[PDB]
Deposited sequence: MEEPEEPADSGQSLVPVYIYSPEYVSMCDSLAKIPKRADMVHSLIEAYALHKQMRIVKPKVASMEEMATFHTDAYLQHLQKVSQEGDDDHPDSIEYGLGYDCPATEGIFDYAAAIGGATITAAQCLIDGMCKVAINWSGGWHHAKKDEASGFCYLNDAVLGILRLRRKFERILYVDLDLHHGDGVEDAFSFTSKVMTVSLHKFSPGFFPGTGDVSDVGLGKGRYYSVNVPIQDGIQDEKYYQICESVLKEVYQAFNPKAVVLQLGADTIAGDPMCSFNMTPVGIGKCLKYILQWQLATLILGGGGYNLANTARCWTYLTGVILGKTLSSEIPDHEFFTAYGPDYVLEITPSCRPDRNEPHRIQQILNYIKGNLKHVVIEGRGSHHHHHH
């Protein structure tokens, strides 16, 4: 039975981010309104300790994060340290449940902040809960696969494990000269002992469910065969979904859902995280849908009556319609990238 990291205090904390005001509450409330929470094991998140956060982040950055919470050299609000520790601890708790064998799937939709560096805040991320979750899972598992379906390149998580073969990072993202964070070209394969253990899939604007899954399934198939992971960490940023102010990819939660299904059928210990997603109603739509996918349940099309119903206009349905934007992804480029990745994975043995 899937573990659902939740507490009213945790949601309230996560809601205090200005860039995503009350998203955690909208995400939870929609899930609750579909009564999906009754089909999960609700686990209260623990707050991360200083030494747990120090497993990745430098002491100087942590001390400075705590100071500004009361320098632009660390990429830096008020109460931001408590915010970071709560999310970091939530992902660790979910990871710990995976270790304890309490579940095969642990969910933390408020986590997935993958841009944070060991000493730098970046892309609205103040603490890399993804890395902290992976480092906790490293206590039991020798091979961990990290899959990043955010619109942006998971540069923080990749750089964290760029020199190791214990963790492989797969990231599908928009890659363009000028687009944040600028890294993650297909040529990027990690460095040193961790060479070819970093997979990057540069994708252009306008991509939709069908072509996206064809890329994702193709990559994950040969990754699973070559790397053969013992645990999976899934980052599912909803800023790929149509309607997002980023306005890059043209995805629907159904396409992301199929990628999720293909991963879940591996039947491995899976850590589910959120991340990006700045159209709040659409983000709630996506993760609620994906939660239903995890539970193997089909959700009703009409948005249930709840606190944030008025935010789902003008359609007030769960399904999201792709935008009328053209697809900038040419078939030859994709195959040229796929074949290149396919060649890199052969070196993994």
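Novice: Which parts of the deposited sequence lack C-alpha coordinates in this model? Number from residue 1, please.
Specialist: No coordinates exist for the deposited residues in 1-14, 85-92, 99-104, 378-389, so these stretches are absent from the model.
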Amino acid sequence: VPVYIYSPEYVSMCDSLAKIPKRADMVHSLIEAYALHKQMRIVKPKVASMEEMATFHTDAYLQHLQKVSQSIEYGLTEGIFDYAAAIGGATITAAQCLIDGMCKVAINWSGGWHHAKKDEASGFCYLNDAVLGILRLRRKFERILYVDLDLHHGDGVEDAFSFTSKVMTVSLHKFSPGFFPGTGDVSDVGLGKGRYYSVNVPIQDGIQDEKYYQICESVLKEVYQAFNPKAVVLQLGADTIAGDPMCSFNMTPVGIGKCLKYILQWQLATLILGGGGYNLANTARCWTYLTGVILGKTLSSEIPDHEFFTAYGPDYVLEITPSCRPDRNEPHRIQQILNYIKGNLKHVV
From here on, numbers count along this sequence of modelled residues.
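Novice: Averaging C-alpha B-factors over each stretch, which comes out higher, 329-337 or 16-24?
Specialist: Taking the mean C-alpha B-factor of 329-337 and of 16-24, the larger value falls to 329-337.
Novice: For the higher mean C-alpha B factor in the entry, choose 339-347 or 3-11.
Specialist: The stretch with the larger average C-alpha B-factor is 339-347.
Novice: Using only the C-alpha B-factors in the record, can you name which of 166, 114, 140, 152 has the highest?
Specialist: Top of the list by C-alpha B-factor: 140.
Novice: Which of these has the highest Cα B-factor in the record: 93, 235, 218, 128?
Specialist: In the PDB entry, the greatest C-alpha B-factor among 93, 235, 218, 128 is found at 218.
Novice: What third of the chain does residue 77 rank in for C-alpha temperature factor, lowest, middle or highest?
Specialist: Tercile = highest for this residue's CA B-factor.
Novice: Based on the deposited C-alpha B factors for this chain, I'd like to know if residue 124 is in the lowest, middle or highest third.
Specialist: It belongs to the lowest third of the chain when residues are ordered by C-alpha B-factor.
Novice: Among the modelled residues of this chain, does the Cα B factor of residue 101 put it in the lowest, middle or highest third?
Specialist: For residue 101, the deposited C-alpha B-factor lands in the highest third.
Novice: In terms of the CA temperature factor given in the entry, to which third of its chain does residue 136 belong: lowest, middle or highest?
Specialist: Bottom third by C-alpha B-factor.
Novice: Ranking the modelled residues of this chain by C-alpha B-factor as given in the entry, is residue 267 in the lowest, middle or highest third?
Specialist: Its C-alpha B-factor, which the entry lists for residue 267, ranks in the highest third among residues of this chain.
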